[PDB]
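The file structure_11.txt comes next; it holds compact mmCIF, C-alpha atoms.
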```txt
# COMPACT_ATOMS: atom_id res chain seq x y z
CA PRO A 1 -18.17 8.50 -34.21
CA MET A 2 -15.78 8.74 -31.28
CA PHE A 3 -11.98 8.34 -31.57
CA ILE A 4 -9.73 8.11 -28.47
CA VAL A 5 -5.93 8.07 -28.48
CA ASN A 6 -3.98 7.25 -25.30
CA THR A 7 -0.26 7.81 -25.70
CA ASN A 8 3.03 8.20 -23.79
CA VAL A 9 4.02 11.09 -26.07
CA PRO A 10 4.18 14.29 -23.99
CA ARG A 11 1.52 17.03 -24.33
CA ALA A 12 4.02 19.47 -25.76
CA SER A 13 4.59 17.05 -28.67
CA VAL A 14 0.93 17.11 -29.70
CA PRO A 15 0.83 19.76 -32.43
CA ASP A 16 -1.61 22.61 -32.60
CA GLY A 17 -4.57 21.70 -34.71
CA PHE A 18 -4.35 17.98 -34.11
CA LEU A 19 -7.88 17.53 -32.72
CA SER A 20 -9.27 19.40 -35.72
CA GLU A 21 -7.23 17.33 -38.11
CA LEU A 22 -8.52 14.13 -36.52
CA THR A 23 -12.08 15.44 -36.72
CA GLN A 24 -11.75 16.37 -40.35
CA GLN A 25 -10.11 13.21 -41.49
CA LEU A 26 -12.49 10.98 -39.56
CA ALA A 27 -15.52 12.75 -41.04
CA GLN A 28 -14.07 11.97 -44.45
CA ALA A 29 -13.17 8.45 -43.70
CA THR A 30 -16.44 7.43 -41.94
CA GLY A 31 -18.60 9.60 -44.24
CA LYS A 32 -20.29 11.08 -41.20
CA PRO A 33 -20.66 14.84 -40.74
CA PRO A 34 -17.95 16.49 -38.60
CA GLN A 35 -20.61 17.73 -36.20
CA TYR A 36 -21.08 14.10 -35.11
CA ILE A 37 -17.32 13.28 -34.64
CA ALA A 38 -15.81 13.40 -31.20
CA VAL A 39 -12.07 13.08 -30.52
CA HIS A 40 -10.05 12.70 -27.33
CA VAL A 41 -6.21 12.71 -26.99
CA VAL A 42 -4.59 11.59 -23.73
CA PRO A 43 -0.88 12.31 -23.61
CA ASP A 44 1.79 11.72 -20.99
CA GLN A 45 0.55 8.24 -20.20
CA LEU A 46 2.38 5.47 -18.30
CA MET A 47 2.37 2.77 -20.96
CA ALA A 48 4.47 0.08 -22.58
CA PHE A 49 4.05 -1.72 -25.90
CA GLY A 50 5.85 -5.08 -26.28
CA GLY A 51 7.77 -4.46 -23.13
CA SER A 52 9.23 -1.07 -23.99
CA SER A 53 8.37 2.63 -23.71
CA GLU A 54 9.27 4.21 -26.97
CA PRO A 55 6.34 6.27 -28.36
CA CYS A 56 3.22 4.12 -28.64
CA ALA A 57 -0.54 4.53 -28.78
CA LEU A 58 -3.62 2.58 -27.65
CA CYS A 59 -6.70 3.81 -29.45
CA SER A 60 -10.42 3.17 -29.94
CA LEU A 61 -12.84 4.05 -32.77
CA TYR A 62 -16.52 3.74 -32.02
CA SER A 63 -19.05 4.20 -34.80
CA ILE A 64 -22.69 3.30 -35.44
CA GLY A 65 -22.02 1.29 -38.51
CA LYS A 66 -19.20 2.03 -40.99
CA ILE A 67 -17.14 -0.74 -39.25
CA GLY A 68 -15.95 -3.82 -41.03
CA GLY A 69 -12.93 -5.61 -42.43
CA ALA A 70 -12.03 -3.40 -45.36
CA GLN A 71 -13.17 -0.22 -43.73
CA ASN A 72 -11.13 -0.92 -40.63
CA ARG A 73 -7.99 -1.60 -42.73
CA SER A 74 -8.54 1.79 -44.35
CA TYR A 75 -9.06 3.51 -41.01
CA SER A 76 -5.90 1.92 -39.67
CA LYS A 77 -3.84 3.19 -42.56
CA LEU A 78 -5.26 6.68 -42.12
CA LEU A 79 -4.91 6.81 -38.32
CA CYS A 80 -1.47 5.17 -38.13
CA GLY A 81 -0.42 7.64 -40.78
CA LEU A 82 -1.57 10.59 -38.76
CA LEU A 83 -0.02 9.29 -35.53
CA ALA A 84 3.30 8.71 -37.35
CA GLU A 85 3.35 12.09 -39.06
CA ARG A 86 2.09 14.23 -36.20
CA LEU A 87 3.17 12.36 -33.04
CA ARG A 88 6.14 10.45 -34.44
CA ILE A 89 4.71 7.12 -33.28
CA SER A 90 5.72 4.08 -35.30
CA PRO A 91 2.69 2.29 -36.80
CA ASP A 92 3.91 -1.01 -35.32
CA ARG A 93 3.43 0.49 -31.84
CA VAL A 94 -0.24 1.46 -32.37
CA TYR A 95 -3.29 -0.64 -31.51
CA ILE A 96 -6.77 0.57 -32.49
CA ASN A 97 -9.83 -1.29 -31.20
CA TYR A 98 -12.86 -0.85 -33.55
CA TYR A 99 -16.40 -1.01 -32.23
CA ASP A 100 -19.60 -1.18 -34.24
CA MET A 101 -22.09 0.32 -31.84
CA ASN A 102 -25.84 -0.32 -32.02
CA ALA A 103 -27.75 3.03 -32.17
CA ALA A 104 -29.80 2.01 -29.13
CA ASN A 105 -26.53 1.61 -27.20
CA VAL A 106 -25.34 5.18 -27.83
CA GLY A 107 -26.72 7.95 -25.60
CA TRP A 108 -26.80 11.58 -26.75
CA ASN A 109 -28.97 14.57 -26.00
CA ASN A 110 -31.04 12.94 -23.22
CA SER A 111 -31.96 9.91 -25.33
CA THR A 112 -30.25 7.41 -27.67
CA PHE A 113 -29.65 7.38 -31.41
CA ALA A 114 -32.20 4.61 -31.97
CA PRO B 1 -3.40 -8.17 -25.86
CA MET B 2 -3.95 -4.85 -24.13
CA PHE B 3 -4.38 -4.44 -20.37
CA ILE B 4 -5.45 -1.13 -18.84
CA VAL B 5 -5.63 -0.33 -15.12
CA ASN B 6 -7.31 2.91 -13.89
CA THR B 7 -6.78 3.49 -10.20
CA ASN B 8 -7.10 6.11 -7.44
CA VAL B 9 -3.72 4.87 -5.98
CA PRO B 10 -1.16 7.63 -6.35
CA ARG B 11 1.63 7.47 -8.95
CA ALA B 12 4.30 7.18 -6.27
CA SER B 13 2.68 3.97 -5.04
CA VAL B 14 3.11 2.26 -8.43
CA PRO B 15 6.36 0.36 -8.16
CA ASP B 16 9.23 0.70 -10.61
CA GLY B 17 8.97 -2.38 -12.81
CA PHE B 18 5.21 -2.73 -12.64
CA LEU B 19 4.61 -2.31 -16.35
CA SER B 20 7.30 -4.92 -17.11
CA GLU B 21 5.80 -7.32 -14.58
CA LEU B 22 2.36 -6.98 -16.07
CA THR B 23 3.84 -7.55 -19.54
CA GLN B 24 5.60 -10.71 -18.49
CA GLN B 25 2.75 -12.17 -16.48
CA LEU B 26 0.17 -11.39 -19.21
CA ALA B 27 2.43 -12.99 -21.86
CA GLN B 28 2.58 -16.11 -19.71
CA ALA B 29 -1.12 -16.10 -18.93
CA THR B 30 -2.42 -15.43 -22.44
CA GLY B 31 0.31 -17.49 -24.14
CA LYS B 32 0.98 -14.59 -26.48
CA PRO B 33 4.50 -13.23 -27.11
CA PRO B 34 5.48 -10.24 -24.91
CA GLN B 35 6.08 -8.19 -28.08
CA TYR B 36 2.25 -8.15 -28.64
CA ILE B 37 1.30 -7.18 -25.03
CA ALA B 38 0.55 -3.56 -24.31
CA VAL B 39 -0.02 -2.31 -20.77
CA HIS B 40 -1.32 1.11 -19.55
CA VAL B 41 -1.52 2.19 -15.92
CA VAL B 42 -3.50 5.35 -14.97
CA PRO B 43 -2.96 6.40 -11.34
CA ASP B 44 -4.27 9.33 -9.33
CA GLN B 45 -7.82 8.97 -10.64
CA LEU B 46 -11.04 10.42 -9.23
CA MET B 47 -13.00 7.27 -8.71
CA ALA B 48 -15.22 5.43 -6.26
CA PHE B 49 -16.23 1.80 -5.86
CA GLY B 50 -19.45 1.07 -3.87
CA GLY B 51 -19.54 4.76 -2.98
CA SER B 52 -16.12 4.60 -1.31
CA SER B 53 -12.84 6.27 -2.31
CA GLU B 54 -10.71 3.64 -0.63
CA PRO B 55 -8.19 2.14 -3.10
CA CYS B 56 -9.86 0.55 -6.10
CA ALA B 57 -9.21 -0.28 -9.75
CA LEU B 58 -11.25 -0.42 -12.93
CA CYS B 59 -9.43 -2.49 -15.57
CA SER B 60 -9.84 -3.92 -19.10
CA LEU B 61 -8.18 -6.87 -20.81
CA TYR B 62 -8.55 -7.04 -24.62
CA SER B 63 -7.33 -10.08 -26.53
CA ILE B 64 -7.96 -11.72 -29.89
CA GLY B 65 -9.15 -14.98 -28.44
CA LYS B 66 -7.82 -16.51 -25.22
CA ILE B 67 -10.96 -15.10 -23.53
CA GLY B 68 -13.67 -17.25 -21.93
CA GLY B 69 -15.19 -18.46 -18.73
CA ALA B 70 -12.38 -20.44 -17.17
CA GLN B 71 -9.65 -18.36 -18.69
CA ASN B 72 -11.19 -15.13 -17.34
CA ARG B 73 -11.41 -16.65 -13.84
CA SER B 74 -7.74 -17.46 -14.00
CA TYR B 75 -6.88 -13.97 -15.33
CA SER B 76 -8.90 -12.44 -12.50
CA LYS B 77 -7.02 -14.42 -9.83
CA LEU B 78 -3.72 -13.41 -11.42
CA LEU B 79 -4.48 -9.75 -11.88
CA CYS B 80 -6.28 -9.17 -8.57
CA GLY B 81 -3.27 -10.86 -7.03
CA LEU B 82 -0.90 -8.46 -8.67
CA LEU B 83 -3.00 -5.41 -7.84
CA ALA B 84 -3.22 -6.53 -4.15
CA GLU B 85 0.49 -7.22 -3.86
CA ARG B 86 1.90 -4.32 -5.77
CA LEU B 87 -0.75 -1.58 -5.35
CA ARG B 88 -2.36 -2.70 -2.08
CA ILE B 89 -5.82 -2.83 -3.62
CA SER B 90 -8.34 -5.24 -2.24
CA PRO B 91 -9.57 -7.82 -4.84
CA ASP B 92 -13.15 -6.95 -3.95
CA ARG B 93 -12.56 -3.35 -5.11
CA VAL B 94 -11.34 -4.37 -8.61
CA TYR B 95 -13.41 -4.80 -11.72
CA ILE B 96 -11.89 -6.19 -14.93
CA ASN B 97 -13.81 -6.07 -18.18
CA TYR B 98 -12.73 -8.83 -20.60
CA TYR B 99 -13.11 -8.40 -24.32
CA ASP B 100 -12.69 -11.08 -26.98
CA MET B 101 -11.83 -8.95 -29.99
CA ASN B 102 -12.30 -10.08 -33.62
CA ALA B 103 -9.01 -9.78 -35.54
CA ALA B 104 -10.70 -7.64 -38.14
CA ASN B 105 -11.63 -5.19 -35.41
CA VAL B 106 -8.07 -4.62 -34.20
CA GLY B 107 -5.91 -2.15 -36.05
CA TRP B 108 -2.12 -2.32 -36.02
CA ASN B 109 0.72 -1.30 -38.30
CA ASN B 110 -1.49 0.38 -40.99
CA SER B 111 -3.83 -2.57 -41.30
CA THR B 112 -5.75 -5.02 -39.04
CA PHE B 113 -4.93 -8.44 -37.62
CA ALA B 114 -7.42 -10.22 -39.93
CA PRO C 1 -22.12 -1.19 -13.06
CA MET C 2 -19.23 1.01 -14.06
CA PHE C 3 -19.76 4.60 -15.23
CA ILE C 4 -16.94 6.60 -16.70
CA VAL C 5 -17.06 10.30 -17.68
CA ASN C 6 -14.24 11.94 -19.60
CA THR C 7 -14.59 15.69 -19.93
CA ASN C 8 -12.72 18.86 -20.89
CA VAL C 9 -14.43 20.66 -17.92
CA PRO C 10 -11.73 21.53 -15.40
CA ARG C 11 -11.31 19.69 -12.09
CA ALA C 12 -12.30 22.72 -10.04
CA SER C 13 -15.64 22.71 -11.85
CA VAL C 14 -16.51 19.19 -10.68
CA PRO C 15 -18.58 19.83 -7.55
CA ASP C 16 -17.89 18.18 -4.23
CA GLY C 17 -20.10 15.13 -3.79
CA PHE C 18 -20.37 14.38 -7.49
CA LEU C 19 -19.06 10.78 -7.37
CA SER C 20 -21.51 10.00 -4.58
CA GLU C 21 -24.40 11.53 -6.46
CA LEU C 22 -23.56 9.44 -9.49
CA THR C 23 -23.31 6.29 -7.38
CA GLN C 24 -26.64 6.92 -5.75
CA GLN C 25 -28.52 7.80 -8.87
CA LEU C 26 -27.06 4.92 -10.87
CA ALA C 27 -28.05 2.47 -8.10
CA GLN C 28 -31.58 3.74 -8.33
CA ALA C 29 -31.74 3.81 -12.06
CA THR C 30 -30.18 0.39 -12.72
CA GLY C 31 -31.76 -1.28 -9.64
CA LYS C 32 -28.34 -2.59 -8.64
CA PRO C 33 -27.01 -2.34 -5.12
CA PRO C 34 -24.79 0.74 -4.56
CA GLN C 35 -22.00 -1.56 -3.34
CA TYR C 36 -21.58 -2.82 -6.95
CA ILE C 37 -21.54 0.63 -8.60
CA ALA C 38 -18.19 2.07 -9.63
CA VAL C 39 -17.79 5.65 -10.95
CA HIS C 40 -14.81 7.38 -12.53
CA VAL C 41 -14.61 11.06 -13.55
CA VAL C 42 -11.72 12.31 -15.70
CA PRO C 43 -11.59 16.15 -16.02
CA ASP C 44 -9.21 18.49 -17.82
CA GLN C 45 -9.15 16.40 -20.95
CA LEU C 46 -7.99 17.38 -24.46
CA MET C 47 -11.09 16.64 -26.41
CA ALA C 48 -13.48 18.03 -29.04
CA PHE C 49 -17.11 17.26 -30.00
CA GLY C 50 -18.20 18.29 -33.52
CA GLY C 51 -14.81 20.01 -33.93
CA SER C 52 -15.43 22.26 -31.00
CA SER C 53 -13.72 22.50 -27.60
CA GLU C 54 -16.73 23.90 -25.76
CA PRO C 55 -17.64 21.72 -22.74
CA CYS C 56 -18.37 18.14 -23.74
CA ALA C 57 -18.29 14.65 -22.31
CA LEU C 58 -17.53 11.15 -23.64
CA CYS C 59 -18.86 8.51 -21.26
CA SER C 60 -19.39 4.76 -20.85
CA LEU C 61 -21.87 2.74 -18.81
CA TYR C 62 -21.08 -0.96 -18.37
CA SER C 63 -23.55 -3.27 -16.66
CA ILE C 64 -24.27 -6.99 -16.41
CA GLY C 65 -27.80 -6.70 -17.75
CA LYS C 66 -30.11 -3.77 -17.23
CA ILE C 67 -29.04 -2.48 -20.71
CA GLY C 68 -31.55 -2.04 -23.55
CA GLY C 69 -33.38 0.45 -25.66
CA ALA C 70 -35.78 1.92 -23.17
CA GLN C 71 -33.46 1.53 -20.21
CA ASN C 72 -30.65 3.31 -22.09
CA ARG C 73 -32.99 6.20 -23.01
CA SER C 74 -33.81 6.60 -19.38
CA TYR C 75 -30.13 6.48 -18.37
CA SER C 76 -29.31 9.08 -20.94
CA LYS C 77 -31.94 11.47 -19.65
CA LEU C 78 -30.64 10.96 -16.08
CA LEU C 79 -26.93 11.22 -16.90
CA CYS C 80 -27.22 14.14 -19.38
CA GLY C 81 -29.31 15.85 -16.78
CA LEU C 82 -26.66 15.42 -14.14
CA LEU C 83 -23.84 16.52 -16.54
CA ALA C 84 -25.85 19.65 -17.44
CA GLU C 85 -26.79 20.58 -13.85
CA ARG C 86 -23.47 19.79 -12.21
CA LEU C 87 -20.85 20.31 -14.94
CA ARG C 88 -22.75 22.73 -17.17
CA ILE C 89 -22.31 20.50 -20.24
CA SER C 90 -25.03 20.69 -22.87
CA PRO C 91 -26.79 17.31 -23.41
CA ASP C 92 -26.12 17.52 -27.17
CA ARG C 93 -22.33 17.53 -26.46
CA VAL C 94 -22.46 14.20 -24.53
CA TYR C 95 -22.00 10.70 -25.91
CA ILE C 96 -22.57 7.68 -23.67
CA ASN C 97 -21.58 4.21 -24.87
CA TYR C 98 -23.68 1.47 -23.25
CA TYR C 99 -22.31 -2.03 -22.82
CA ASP C 100 -24.24 -5.15 -21.72
CA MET C 101 -21.49 -7.25 -20.26
CA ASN C 102 -21.65 -11.02 -19.96
CA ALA C 103 -21.10 -12.04 -16.39
CA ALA C 104 -18.28 -14.37 -17.49
CA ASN C 105 -16.49 -11.35 -18.95
CA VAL C 106 -16.45 -9.33 -15.67
CA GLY C 107 -13.70 -10.06 -13.14
CA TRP C 108 -14.17 -9.15 -9.48
CA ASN C 109 -12.70 -10.49 -6.23
CA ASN C 110 -10.34 -13.06 -7.79
CA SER C 111 -13.02 -14.57 -10.01
CA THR C 112 -15.86 -13.55 -12.36
CA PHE C 113 -19.56 -13.04 -11.90
CA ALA C 114 -20.52 -16.13 -13.96
```
Would you mind writing the file's structure down as structure tokens?
Amino acid sequence: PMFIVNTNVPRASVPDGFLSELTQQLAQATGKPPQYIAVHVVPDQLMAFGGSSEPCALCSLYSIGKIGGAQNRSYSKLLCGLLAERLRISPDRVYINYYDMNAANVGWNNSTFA
Amino acid sequence: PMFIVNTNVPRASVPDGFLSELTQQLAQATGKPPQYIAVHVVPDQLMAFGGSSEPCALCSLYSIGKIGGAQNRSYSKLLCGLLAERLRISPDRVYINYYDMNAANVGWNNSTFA
Amino acid sequence: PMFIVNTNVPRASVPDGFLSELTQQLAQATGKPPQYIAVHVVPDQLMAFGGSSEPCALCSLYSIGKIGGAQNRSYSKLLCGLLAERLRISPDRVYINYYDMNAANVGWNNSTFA
């Protein structure tokens, strides 16, 4: 799985250990081993949510399977929780796009996961 | 809706008010309230278009519905217009990927839009 | 086509001529004219792959067609090869998301490709 967070929160406000926390919690949530989880945090961004620039985040979760209505509600609670607690971003200023990737459409290690 | 612009134009060349203008014009174009529009501009990027590092932009527009053939032509005229006028980017050096997202695949506020 | 590479490798480690090499090799691999190939490299990122901050890359290849099982295997061998040779990233620390875009969902030059 791959989780990306783009945010206007400054780098210095991203706590130590955050990428590891994301990795850990995503492995748990998706059921996939942490060796397969990749995470990417992009702070200091020029962004607005609903016309204003209070802390916000635009995020993506890509996974080969483990994507669906109930699962994605659960992921959203988890991820909005983490962004609120660690980055002080209000959950109503977070969007997360979920993508169910086909294995043949994910490259890794000179080939694909198919 | 979420609109992202990645560009090699420098930050200083992005006018004050550009995020607000995008918000307003996208609200009008999509018919969605401004409160639901998120915008993200990423200047100073290392990018090329057709092998050239002249000004260019790679963009994405995500929306739950309000995406389709005619609509995306209209959005492209609008947004290339804005990028030409405000950032001095030629329309033929802009790509915009359009995504019609399923509500269940968009997280927000600890749940999804489904 | 549009190819994006996000990496924790520093900017100074991205060799001169890299965006051109990508453009050229992607034109050849996809069969598309180089004029339609866009490339975007984002170094110095805060990211982890399998919990680790050793060099890694999270990438995307978008194309209108020319996406499929065998084609994507071949792209992955090409692209992982270039990331290894030029950026010294191990192929097993690269993910590449492949996207077959509908022409009606790609804006360019005030319109779409449909």
What are the closest atom pairs, with distances in Å to one decimal, for all residues of chain C lying within 6 Å of chain A? Consider only C-alpha atoms, order rows by chain and residue number, and present the result as JSON lines.
```
{"residue": "C:46", "atom": "CA", "partner": "A:41", "partner_atom": "CA", "distance": 5.6}
{"residue": "C:47", "atom": "CA", "partner": "A:40", "partner_atom": "CA", "distance": 4.2}
{"residue": "C:48", "atom": "CA", "partner": "A:39", "partner_atom": "CA", "distance": 5.4}
{"residue": "C:49", "atom": "CA", "partner": "A:38", "partner_atom": "CA", "distance": 4.2}
{"residue": "C:50", "atom": "CA", "partner": "A:35", "partner_atom": "CA", "distance": 3.6}
{"residue": "C:51", "atom": "CA", "partner": "A:20", "partner_atom": "CA", "distance": 5.9}
{"residue": "C:69", "atom": "CA", "partner": "A:104", "partner_atom": "CA", "distance": 5.2}
{"residue": "C:73", "atom": "CA", "partner": "A:111", "partner_atom": "CA", "distance": 4.5}
{"residue": "C:76", "atom": "CA", "partner": "A:110", "partner_atom": "CA", "distance": 4.8}
{"residue": "C:77", "atom": "CA", "partner": "A:110", "partner_atom": "CA", "distance": 4.0}
{"residue": "C:80", "atom": "CA", "partner": "A:110", "partner_atom": "CA", "distance": 5.5}
{"residue": "C:91", "atom": "CA", "partner": "A:109", "partner_atom": "CA", "distance": 4.4}
{"residue": "C:92", "atom": "CA", "partner": "A:109", "partner_atom": "CA", "distance": 4.3}
{"residue": "C:94", "atom": "CA", "partner": "A:108", "partner_atom": "CA", "distance": 5.5}
{"residue": "C:95", "atom": "CA", "partner": "A:108", "partner_atom": "CA", "distance": 5.0}
{"residue": "C:96", "atom": "CA", "partner": "A:107", "partner_atom": "CA", "distance": 4.6}
{"residue": "C:97", "atom": "CA", "partner": "A:106", "partner_atom": "CA", "distance": 4.9}
{"residue": "C:98", "atom": "CA", "partner": "A:105", "partner_atom": "CA", "distance": 4.9}
```
Same residues, C-alpha atoms, saved as a PDB file, in the coordinates of the input:
```
ATOM      1  CA  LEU C  46      -7.990  17.380 -24.460  1.00  0.00           C
ATOM      2  CA  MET C  47     -11.090  16.640 -26.410  1.00  0.00           C
ATOM      3  CA  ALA C  48     -13.480  18.030 -29.040  1.00  0.00           C
ATOM      4  CA  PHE C  49     -17.110  17.260 -30.000  1.00  0.00           C
ATOM      5  CA  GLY C  50     -18.200  18.290 -33.520  1.00  0.00           C
ATOM      6  CA  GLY C  51     -14.810  20.010 -33.930  1.00  0.00           C
ATOM      7  CA  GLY C  69     -33.380   0.450 -25.660  1.00  0.00           C
ATOM      8  CA  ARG C  73     -32.990   6.200 -23.010  1.00  0.00           C
ATOM      9  CA  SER C  76     -29.310   9.080 -20.940  1.00  0.00           C
ATOM     10  CA  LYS C  77     -31.940  11.470 -19.650  1.00  0.00           C
ATOM     11  CA  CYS C  80     -27.220  14.140 -19.380  1.00  0.00           C
ATOM     12  CA  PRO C  91     -26.790  17.310 -23.410  1.00  0.00           C
ATOM     13  CA  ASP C  92     -26.120  17.520 -27.170  1.00  0.00           C
ATOM     14  CA  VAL C  94     -22.460  14.200 -24.530  1.00  0.00           C
ATOM     15  CA  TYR C  95     -22.000  10.700 -25.910  1.00  0.00           C
ATOM     16  CA  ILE C  96     -22.570   7.680 -23.670  1.00  0.00           C
ATOM     17  CA  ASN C  97     -21.580   4.210 -24.870  1.00  0.00           C
ATOM     18  CA  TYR C  98     -23.680   1.470 -23.250  1.00  0.00           C
TER      19      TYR C  98
END
```
Both chains have the same sequence, so match all Cα atoms in order, fit chain B onto chain C by least squares, and return it as a compact mmCIF listing (two decimals) with C-alpha atoms, in the coordinates of the input.
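Output (result.txt):
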```txt
# COMPACT_ATOMS: atom_id res chain seq x y z
CA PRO B 1 -22.11 -1.32 -12.96
CA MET B 2 -19.31 1.02 -13.94
CA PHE B 3 -19.83 4.58 -15.18
CA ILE B 4 -16.96 6.62 -16.63
CA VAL B 5 -17.10 10.29 -17.63
CA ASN B 6 -14.22 11.90 -19.60
CA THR B 7 -14.59 15.64 -19.90
CA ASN B 8 -12.72 18.83 -20.86
CA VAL B 9 -14.40 20.63 -17.85
CA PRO B 10 -11.72 21.51 -15.33
CA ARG B 11 -11.32 19.62 -12.05
CA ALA B 12 -12.35 22.65 -10.01
CA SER B 13 -15.71 22.66 -11.79
CA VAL B 14 -16.54 19.13 -10.60
CA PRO B 15 -18.55 19.61 -7.44
CA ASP B 16 -17.71 18.00 -4.12
CA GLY B 17 -20.14 15.10 -3.83
CA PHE B 18 -20.40 14.36 -7.53
CA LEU B 19 -19.05 10.83 -7.32
CA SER B 20 -21.48 10.04 -4.47
CA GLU B 21 -24.38 11.51 -6.43
CA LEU B 22 -23.57 9.45 -9.48
CA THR B 23 -23.31 6.35 -7.27
CA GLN B 24 -26.69 6.94 -5.71
CA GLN B 25 -28.51 7.86 -8.89
CA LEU B 26 -26.99 4.92 -10.84
CA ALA B 27 -27.96 2.50 -8.02
CA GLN B 28 -31.52 3.79 -8.27
CA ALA B 29 -31.58 3.74 -12.05
CA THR B 30 -30.02 0.31 -12.58
CA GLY B 31 -31.68 -1.22 -9.50
CA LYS B 32 -28.32 -2.57 -8.41
CA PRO B 33 -26.96 -2.07 -4.87
CA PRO B 34 -24.64 0.96 -4.45
CA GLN B 35 -21.89 -1.39 -3.22
CA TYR B 36 -21.59 -2.73 -6.84
CA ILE B 37 -21.51 0.71 -8.57
CA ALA B 38 -18.16 2.13 -9.54
CA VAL B 39 -17.81 5.67 -10.89
CA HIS B 40 -14.76 7.39 -12.50
CA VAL B 41 -14.60 11.04 -13.50
CA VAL B 42 -11.71 12.30 -15.71
CA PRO B 43 -11.61 16.11 -15.99
CA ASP B 44 -9.23 18.45 -17.76
CA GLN B 45 -9.14 16.37 -20.94
CA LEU B 46 -7.98 17.37 -24.42
CA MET B 47 -11.09 16.65 -26.37
CA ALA B 48 -13.41 18.03 -29.03
CA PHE B 49 -16.99 17.29 -30.02
CA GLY B 50 -18.08 18.30 -33.58
CA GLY B 51 -14.72 20.04 -33.94
CA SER B 52 -15.41 22.31 -30.96
CA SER B 53 -13.65 22.49 -27.58
CA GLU B 54 -16.68 23.87 -25.80
CA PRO B 55 -17.61 21.71 -22.78
CA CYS B 56 -18.35 18.12 -23.72
CA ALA B 57 -18.27 14.61 -22.28
CA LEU B 58 -17.55 11.13 -23.58
CA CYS B 59 -18.96 8.51 -21.19
CA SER B 60 -19.46 4.74 -20.80
CA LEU B 61 -21.94 2.74 -18.74
CA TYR B 62 -21.15 -0.98 -18.28
CA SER B 63 -23.66 -3.28 -16.61
CA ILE B 64 -24.40 -6.99 -16.46
CA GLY B 65 -27.88 -6.69 -17.86
CA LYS B 66 -30.20 -3.74 -17.23
CA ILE B 67 -29.15 -2.47 -20.69
CA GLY B 68 -31.54 -2.08 -23.63
CA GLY B 69 -33.45 0.32 -25.78
CA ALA B 70 -35.85 1.90 -23.33
CA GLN B 71 -33.55 1.57 -20.38
CA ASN B 72 -30.70 3.32 -22.25
CA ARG B 73 -33.03 6.20 -23.19
CA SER B 74 -33.90 6.63 -19.55
CA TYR B 75 -30.22 6.43 -18.50
CA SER B 76 -29.37 9.05 -21.12
CA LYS B 77 -32.01 11.48 -19.82
CA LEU B 78 -30.75 10.94 -16.27
CA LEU B 79 -27.07 11.25 -17.00
CA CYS B 80 -27.27 14.14 -19.48
CA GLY B 81 -29.38 15.82 -16.84
CA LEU B 82 -26.73 15.38 -14.22
CA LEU B 83 -23.91 16.47 -16.52
CA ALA B 84 -25.90 19.63 -17.51
CA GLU B 85 -26.77 20.53 -13.93
CA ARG B 86 -23.53 19.75 -12.21
CA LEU B 87 -20.89 20.25 -14.95
CA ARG B 88 -22.74 22.72 -17.20
CA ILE B 89 -22.37 20.49 -20.24
CA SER B 90 -24.96 20.65 -22.95
CA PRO B 91 -26.77 17.29 -23.53
CA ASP B 92 -26.03 17.58 -27.23
CA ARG B 93 -22.28 17.51 -26.49
CA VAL B 94 -22.44 14.21 -24.52
CA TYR B 95 -22.02 10.72 -25.86
CA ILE B 96 -22.62 7.67 -23.65
CA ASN B 97 -21.64 4.22 -24.83
CA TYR B 98 -23.75 1.48 -23.19
CA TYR B 99 -22.40 -2.01 -22.76
CA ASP B 100 -24.35 -5.10 -21.72
CA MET B 101 -21.57 -7.23 -20.28
CA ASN B 102 -21.75 -11.04 -19.93
CA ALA B 103 -21.09 -12.07 -16.31
CA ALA B 104 -18.32 -14.36 -17.44
CA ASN B 105 -16.59 -11.37 -19.00
CA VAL B 106 -16.45 -9.32 -15.79
CA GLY B 107 -13.68 -9.99 -13.34
CA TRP B 108 -13.97 -9.19 -9.64
CA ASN B 109 -12.51 -10.48 -6.40
CA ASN B 110 -10.15 -13.08 -8.02
CA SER B 111 -12.85 -14.61 -10.17
CA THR B 112 -15.72 -13.49 -12.48
CA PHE B 113 -19.41 -12.83 -11.91
CA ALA B 114 -20.48 -15.99 -13.80
```
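As for CA of residue 6 (chain A) and CA of residue 63 (chain B), they are spaced 17.7 Å apart.
For the residues A:89, A:78, A:83, A:12, ranking by smallest atom-to-atom distance to residue 29 (chain A) using all atoms listed in the file places A:78 first.
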query: So how many Å separate CA of residue 15 (chain B) and CA of residue 84 (chain B), to one decimal?
result: 12.5 Å
- prompt: So how far away is CA of residue 75 (chain A) from CA of residue 28 (chain A), in Å?
  reply: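 Here the two named atoms are 10.4 Å from each other.
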message: List as a PyMOL selection string the protein and nucleic acid residues near residue 9 (chain A), meaning an atom at most 7 Å away when all atoms listed in the file are counted, but skip any in the same chain fewer than 3 places from it.
response: chain A and resi 13+43-44+55
Using 6 Å of padding on each side, determine the axis-aligned box around all atoms of region 69-87 of chain A present in the file and give its centre and edge lengths in Å to one decimal, as lines of an AutoDock Vina configuration file.
```
center_x = -4.9
center_y = 4.3
center_z = -39.2
size_x = 28.5
size_y = 31.8
size_z = 24.3
```
